[PDB]
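This document starts with one chain, in the form deposited in one PDB entry, laid out as structure tokens.
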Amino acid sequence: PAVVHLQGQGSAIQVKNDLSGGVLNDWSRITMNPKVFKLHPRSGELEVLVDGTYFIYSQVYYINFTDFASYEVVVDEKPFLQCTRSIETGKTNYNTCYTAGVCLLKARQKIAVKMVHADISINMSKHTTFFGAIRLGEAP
């Protein structure tokens, strides 16, 4: 199996003005098999270069937000996974938010972590905020 583990590079992000369309992008590729995965640095996309059965996972560290914190893991712009937290307006929620799932992908398909449009702050520390995949094998 080929793998990729992408880590945030540190520094806090406010989702509204510190990102465009909510998409996380400045990922550090500490592990990436270049024959199976390609990273797109501005669009924040993790592209698969071959058909396969893929396990996909992510985790975003919510560090303070208004009331509703959430993101989607999208595949070709389509919601596949979601991780969501809540809090009462005036109070604080520091919270790692992990989700993961398995799906069949064809070559060139692109995966991305997209924050929902809200006032939400996230910490990009490498241990709390990450994004990865495992090609478990061929697709049927």
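Start at 1 and count along the sequence shown; that's the residue number. So that the term is clear: the rigid core is the largest set of C-alpha atoms that superpose within 1.5 Å between two forms.
What comes next is about the form deposited in another entry, which is not displayed.
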| item | value |
| --- | --- |
| Mobile residue between this form and the one not shown, C-alpha criterion 2 Å or more, rigid core, from 49, 74, 87, 103 | 87 |
| Core-aligned C-alpha movement of residue 65 between this form and the one not shown, 2 Å or more | yes |
| Sense of CA distance change between residue 90 and residue 16 in the other form, threshold 3 Å | closer |
| Cα-Cα shift for residue 65 and residue 25, closer or farther in the other form, minimum 3 Å | farther |
